[PDB]
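A.B. asks:
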């Protein structure tokens, strides 16, 4: 009963901008917490000592840390590979 | 912290069978993706066989198929058959004209 | 002939099933038949289906709905995990018992009409057991039946004036009784839902008869100890019992007096630890679920 | 379907049994009846499953580690063991049915008698046979199997099993009867075995055992009762060990050529 | 040895319907003679104390096992043949021998019944069997199947749990202590006993000796215990105990009521390799339920 | 109908790979057959033989008769496996991982 919608024959099956999950930078979240810690307990307050120590280590060599999560989506490779098989087109 | 958000933990019902996969995050995501209001039919008067036009004087039932402002919901959302959607919309419009909805 | 052979083929033996392969509701029992392939056939992607299963599949168990589809693929899921739930139940050696003390469904007992005194309760269940019936097909149970019942009017207009004429001239309190019996007596010969689709007993989960003791090198086992997991750190809301995950089943765990202190400490990660439980009893409900009751055996 | 293997010189076996050990009726029970009984039960247990395409020896190894498949393991072990016993007590492995050969003088080989001396502190074969008869009478109260086995260290030693205990896989040798009382030394052996099985990293919890049988004697009632009677199983084991077919037993010892 | 003799077992006469003359000799006469000799060749008190005394006196000792193995094998065999009377079924020696086709026959133990206890007047035994096993078809199936499953030597026992797990003044009142909570079926193998009071805990006791001996050798070595040997031995000991406890206390005993022999010695001579189930069917039709009802303790009506 | 009444029979793996259909020599006077497993199909073929031999007239009666034969065979097998495990442990058999243990690890 759920209405199935069938597409006409198409020149391609492609996602214009495939969505990817970009994990947050660990150094930026540390900075966002330290900045908040100073907003409540005050700037240089002894309560944010650990945050300061962690932030320094995260950014010591690279201010954004070792970014090694770059990813690309494969939906368009599979979509183009499987479209002719799964589109349900009638025989020639 | 000894606390987890409910959205990050699955509560297995009592009397049900489970697999190790039911403790993974994939199960959480899979349950969200396939979360549809399929139990409405049993609680949906208009999907039971009644004629929606007999409820034109019962605004409480009709108010279940309109938005907060009174806009009739598209058939894509109500999930009714063409005939029931057609009859339900007439019932709501008649109810509005009588001064009840 | 080829048609005769096909009816007996192994594929014909699998009953038609279109239930969703990806179901996210409550699962109480298996819904699909597990298919198994041997290691030699798996090496050649042979499963006895219409088409070869993709080589990516390394499991030897799958469940399927359709041999072929308009998408030119097989609809299958490479899992066979309901068998391990059944075998883990067998290892717990807890026979399934009736909480209502009913006769064993797997024995051909000589039953009598003790419960047949509710003829008006179940004779009308045929028309009143229509919870999920169409608004017009259920209405076809009103005219179709009325004609069938109305065809026995002459038979009951003579039997009642020949076997209980006094009631016809005094009161209908007994006449209604003779009516309910009449139709049932004239319906037992008929075939209305002659095949009952309700689950029979355990449904095949266990064929173990209660009574046997488990001999062990350390003596006869008096209490069955099974590792498990506590799911929630707070008793089920509105219920005086927590929930445990024992052997692929969710049980209700009753504690001796107090809840171990690891609960508060662990919190919502309590499921990360394994506890020892004792399985008190196991019952079967009409929905086809198993009601397993456990007890959190704590080191003492 | 698992079928009973055809034995060499089967017409002679069905007429004169096995000379000096079993009669015609005694051999019909142990092999023609019991082997049929086992194979049929194995087929019923394994038909429709992957195990149907595997020989009994492979089945027992596959199922040795599965507690709830013990019934299949017992049947597979008994079938393999029974044909190991019937094979080394058989007049001649070669089929001299058309050659009418009546001269089969098989004697222990030099490699066998050299390993006996090495592993039994210089004891002779005759003395080892006496130890085997003694071990069977005192360690197997009921049904079981007597084996002379060789391990990975080239040492021949004596193993006894209760009911259907495989010699190949030590966790399932069933050499200790826990129905009766056990000494602290036997409990240590069991405790040590359990530790070895727990060191394995495999998800099937299986260990490596390279022990192989050399001689097999059936200690079940299906083999001796009819011809010897209750209480005379030591006279049966003596006759079996004295009339072994050494063409088969010698071939079971690895030479390396 | 008249000490091991039954009035229905007479040399030269067959137990009609179950054992022939040659089958009763081998099964009972020729078998008791061997066991008696072995028991007289291990202990000199064989002809002095009762068999059940030897079983419960020389138990839990590895040096006296042979005295208890033969002692408990002759006790089980007598207790099995005692409750047998015979049947009207054709003599076993006059019927054809079941062949391989027998393995394909469907057992009809869930549709029909025969020789029920109540039919002979033992009404208190039938009620107990129905209460504990649910029905007499369930009991017959669970009893014939449990014995048929036994591969080698063993016995299937109909036992009655003793509701005296207090251990205080135990075995001092032949009625207050002879009370049965519920009936059960138990399988014993080779020379195993159905009592479970003289054997329960053996492995736990030996397990605690092994750990202590290993712990004392570790102290000599000078080791700092272990991360999970104290938590593993503890769990092994905690499970060994919790699995042998009783409803109230840890004194769970059982009163033998019936015993069916599974050893091939009993049924191989007369029924053949394929006729164990035929043997067990004729055994059920040869049980004198009077002897069993007599052994039955009085119900513990604490309820 | 059979698998609606016995949902857990689905959990018993079935092999769809055929061996040789032409070799099947089955006498459906009895339910057990050499070469094939005991399963729901055993019940269906037994039911058809009963209706084919006219021992029973209604399909329901033949089906019920076959179902009880199936329960008896299923109960004898559940006991043979339980007892076999019990008997092995009593003779010193050791097992690395049980089914319950396997699930806990996963």
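Residue numbers (the entry's author numbering), protein chains in the order written: chain Z, 4 to 95; chain R, 38 to 138; chain A, 2 to 301; chain 3, 8 to 264; chain 4, 14 to 316; chain U, 107 to 212. The beta carbon of each residue, even a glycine, is placed where N, CA and C say it ideally should be.
Can you confirm whether residue 238 (chain 4), when its beta carbon is compared against all beta carbons of chain A, has any partner nearer than 9 Å?
C.D. replies: Position 225 of the fifth chain, counting from 1, holds the residue named residue 238 (chain 4). It does not; no Cβ of chain A falls within 9 Å.
A.B. asks: Going by other Cβ atoms of all chains shown within 10 Å of its Cβ, with 16 needed for buried, is residue 60 (chain R) buried or exposed?
C.D. replies: Position 23 of the second chain holds residue 60 (chain R). It counts as buried.
A.B. asks: Mind pulling the chain 4 residues with CB within less than 7 Å of residue 231 (chain 3)?
C.D. replies: In the fourth chain, residue 231 (chain 3) corresponds to position 224, counting from 1. Simply none; closest approach about 11 Å.
A.B. asks: Looking at the strands, I want to know which residues DSSP matches up with residue 256 (chain 3).
C.D. replies: Position 249 of the fourth chain, counted from the first residue, corresponds to residue 256 (chain 3). DSSP, once it has assigned bridges, lists no residue as partnering residue 256 (chain 3).
A.B. asks: Cα-Cα, which of 34 (chain A), 26 (chain A), 33 (chain A), 30 (chain A) is closest to residue 68 (chain R)?
C.D. replies: By one-based count along the second chain, residue 68 (chain R) stands at place 31. Comparing Cα positions, the closest option is 26 (chain A).
A.B. asks: Mind checking residue 45 (chain A): buried by the 16 CB within 10 Å criterion, or exposed?
C.D. replies: Locating residue 45 (chain A) in the third chain gives position 44, counting from the first residue. By the 10 Å Cβ count, residue 45 (chain A) comes out exposed.
A.B. asks: Counting contacts by CB-CB distance shorter than 9 Å, is residue 40 (chain A) in contact with chain 3?
C.D. replies: Start at 1 with the first residue of the third chain, and residue 40 (chain A) comes out as number 39. Interface residue, yes.
A.B. asks: Where does residue 63 (chain 3) fall in DSSP's three states?
C.D. replies: The residue you call residue 63 (chain 3) lines up with position 56 of the fourth chain. Helix at residue 63 (chain 3).
A.B. asks: Check the Cβ of residue 188 (chain 3) against every Cβ in chain 4 and list those closer than 8 Å, keeping chain order.
C.D. replies: Numbered from 1 along the fourth chain, position 181 holds the residue referred to as residue 188 (chain 3). Under the 8 Å cutoff, chain 4 gives 72, 73, 74, 75, 77, 78, 81, 215.
A.B. asks: With DSSP run on the structure shown, which of helix, strand or coil describes residue 104 (chain R)?
C.D. replies: Residue mapping note: residue 104 (chain R) aligns to position 67 of the second chain, counting from 1. In the three-state reduction of the DSSP assignment, residue 104 (chain R) falls in the coil class, being assigned neither a helical nor a strand state.
A.B. asks: Please name the residue in 60 (chain A), 120 (chain A), 53 (chain A) whose C-alpha comes closest to that of residue 69 (chain A).
C.D. replies: In the third chain, the residue the question calls residue 69 (chain A) occupies position 68. Considering only 60 (chain A), 120 (chain A), 53 (chain A), the residue with the shortest C-alpha distance to residue 69 (chain A) is 53 (chain A).
A.B. asks: Between residue 243 (chain A) and the rest of its own chain, which residues show a CB-CB distance below 7 Å, the 5 nearest in sequence each way excluded?
C.D. replies: Translated into the one-based positions of the third chain, residue 243 (chain A) becomes position 242. Once the five neighbours on either side are set aside, the close Cβ partners of residue 243 (chain A) are 231, 233, 236, 237, 254.
A.B. asks: Identify every residue that forms a DSSP beta bridge with residue 285 (chain A).
C.D. replies: In the third chain, the residue the question calls residue 285 (chain A) occupies position 284. The beta-bridge partner set that DSSP reports for residue 285 (chain A) consists of 291 (chain A).
A.B. asks: Let me check one thing: in DSSP terms, what residues is residue 152 (chain 3) bridge-paired to?
C.D. replies: The residue labelled residue 152 (chain 3) in the question sits at position 145 within the fourth chain. DSSP output for residue 152 (chain 3) lists 168 (chain 3), 225 (chain 3) as bridge partner(s).
A.B. asks: Going by the DSSP bridge assignment, what does residue 48 (chain 4) pair with across the sheet?
C.D. replies: Position 35 of the fifth chain, counting from 1, holds the residue named residue 48 (chain 4). The partner list for residue 48 (chain 4) (beta bridge, DSSP) is empty, contrary to what the question assumes.
A.B. asks: With a cut-off of 8 Å on the beta carbons, I'd call residue 190 (chain U) and residue 77 (chain 3) a contact; round off their distance for me.
C.D. replies: Start at 1 with the first residue of the sixth chain, and residue 190 (chain U) comes out as number 84. Start at 1 with the first residue of the fourth chain, and residue 77 (chain 3) comes out as number 70. About 4 Å separates the beta carbon of residue 190 (chain U) from that of residue 77 (chain 3), a gap short enough to meet the 8 Å contact definition.
A.B. asks: Rounded to whole angstroms, what's the CA-CA distance from residue 232 (chain 3) to residue 124 (chain U)? Just pull it up for me.
C.D. replies: Within the fourth chain, residue 232 (chain 3) is the residue found at index 225, counting from 1. Within the sixth chain, residue 124 (chain U) is the residue found at index 18, counting from 1. Near 43 Å, if we compare the C-alpha coordinates of residue 124 (chain U) and residue 232 (chain 3).
A.B. asks: Could you say if the segment 81–88 of chain 4 and the segment 44–64 of chain 4 meet the contact criterion of at least three C-beta pairs nearer than 8 Å?
C.D. replies: yes
A.B. asks: Does the beta-carbon distance from residue 208 (chain A) to residue 195 (chain U) come in below 9 Å?
C.D. replies: For the purposes of this step, residue 208 (chain A) is taken as residue 207 along the third chain, with counting starting at 1. For the purposes of this step, residue 195 (chain U) is taken as residue 89 along the sixth chain, with counting starting at 1. No.
A.B. asks: Cβ of residue 40 (chain Z) within 9 Å of Cβ of residue 51 (chain Z)?
C.D. replies: Start at 1 with the first residue of the first chain, and residue 40 (chain Z) comes out as number 37. Start at 1 with the first residue of the first chain, and residue 51 (chain Z) comes out as number 48. In this structure, residue 40 (chain Z) sits near residue 51 (chain Z), with a CB-CB distance shorter than 9 Å.
A.B. asks: Considering only residues of the same chain and omitting the five flanking positions on each side of residue 115 (chain R), which have a CB-CB separation below 7 Å?
C.D. replies: Numbered from its first residue, the second chain carries residue 115 (chain R) at position 78. Counting only Cβ-Cβ distances below 7 Å, and skipping sequence neighbours, we find 102, 122.
A.B. asks: Residue 267 (chain 4): which of 90 (chain 4), 61 (chain 4), 196 (chain 4) sits nearest, CA to CA?
C.D. replies: Mapped onto the fifth chain, residue 267 (chain 4) falls at position 254. The candidate whose alpha carbon is nearest that of residue 267 (chain 4) is 196 (chain 4).
A.B. asks: Buried or exposed for residue 293 (chain A), going by 16 or more other Cβ atoms inside 10 Å?
C.D. replies: Looking up residue 293 (chain A) in the third chain gives position 292. Label assigned to residue 293 (chain A): buried.
A.B. asks: Three-state secondary structure (DSSP) at residue 279 (chain A)?
C.D. replies: Taking the third chain and counting its residues from 1, the one referred to as residue 279 (chain A) is at position 278. Correct three-state label for residue 279 (chain A): strand.
A.B. asks: In whole angstroms, what is the alpha-carbon distance linking residue 64 (chain Z) and residue 37 (chain Z)?
C.D. replies: Locating residue 64 (chain Z) in the first chain gives position 61, where the first residue counts as 1. Locating residue 37 (chain Z) in the first chain gives position 34, where the first residue counts as 1. Looking at the two C-alpha atoms, the distance is approximately 19 Å.
A.B. asks: So, residue 40 (chain 4) versus residue 288 (chain 4), is the Cβ gap smaller than 9 Å?
C.D. replies: Within the fifth chain, residue 40 (chain 4) is the residue found at index 27, counting from 1. Within the fifth chain, residue 288 (chain 4) is the residue found at index 275, counting from 1. No, these two residues do not count as a Cβ contact at 9 Å.
A.B. asks: Check each candidate in 191 (chain 3), 220 (chain 3), 86 (chain 3) and name the one with the smallest Cα separation from residue 162 (chain 3).
C.D. replies: Counting from 1 along the fourth chain, the entry for residue 162 (chain 3) is found at position 155. Of the candidates 191 (chain 3), 220 (chain 3), 86 (chain 3), the one whose C-alpha sits nearest the C-alpha of residue 162 (chain 3) is 220 (chain 3).
A.B. asks: Just checking: is the beta-carbon of residue 200 (chain 3) within a distance shorter than 9 Å of some beta-carbon in chain U?
C.D. replies: By 1-based counting over the fourth chain, the position of residue 200 (chain 3) is 193. Residue 200 (chain 3) counts as touching chain U.
A.B. asks: Among 274 (chain A), 248 (chain A), 55 (chain A), which residue has its Cα nearest to the Cα of residue 291 (chain A)?
C.D. replies: Your numbering for residue 291 (chain A) matches position 290 in the third chain. For residue 291 (chain A), the nearest C-alpha among the options comes from 248 (chain A).
A.B. asks: Of all the options 168 (chain U), 144 (chain U), 127 (chain U), 122 (chain U), which has the alpha carbon lying nearest to the alpha carbon of residue 3 (chain A)?
C.D. replies: The residue given as residue 3 (chain A) occupies position 2 in the third chain. Nearest option by C-alpha distance: 127 (chain U).
A.B. asks: In chain order, which continuous runs of the beta strand (DSSP E) of length 3 or greater are located wholly inside the segment 173–203 of chain 3?
C.D. replies: none
A.B. asks: Taking residue 39 (chain 4) as the query, report the chain 3 residues whose CB atoms sit under 9 Å from its CB, ordered along the chain.
C.D. replies: Here residue 39 (chain 4) refers to the residue found at position 26 of the fifth chain. Result: 232, 236, 237.
A.B. asks: In angstroms, rounded to a whole number, what distance separates the CA positions of residue 299 (chain A) and residue 273 (chain A)?
C.D. replies: Mapped onto the third chain, residue 299 (chain A) falls at position 298. Mapped onto the third chain, residue 273 (chain A) falls at position 272. Each residue's Cα considered, the two are about 17 Å apart.
A.B. asks: From the DSSP output, read off the bridge partner residues of residue 251 (chain A).
C.D. replies: For this step, residue 251 (chain A) is matched to residue 250 along the third chain. In DSSP, residue 251 (chain A) forms a bridge with 246 (chain A).
A.B. asks: Taking just the CA atoms, how far does residue 55 (chain 3) sit from residue 129 (chain U)?
C.D. replies: As a first step, residue 129 (chain U) must be located in the sixth chain, where it is residue number 23. As a first step, residue 55 (chain 3) must be located in the fourth chain, where it is residue number 48. Whole-angstrom Cα-Cα distance: 15 Å.
A.B. asks: Let me check one thing: in DSSP terms, what residues is residue 182 (chain 4) bridge-paired to?
C.D. replies: Against the fifth chain, residue 182 (chain 4) aligns to sequence position 169. Per DSSP, none; premise fails for residue 182 (chain 4).
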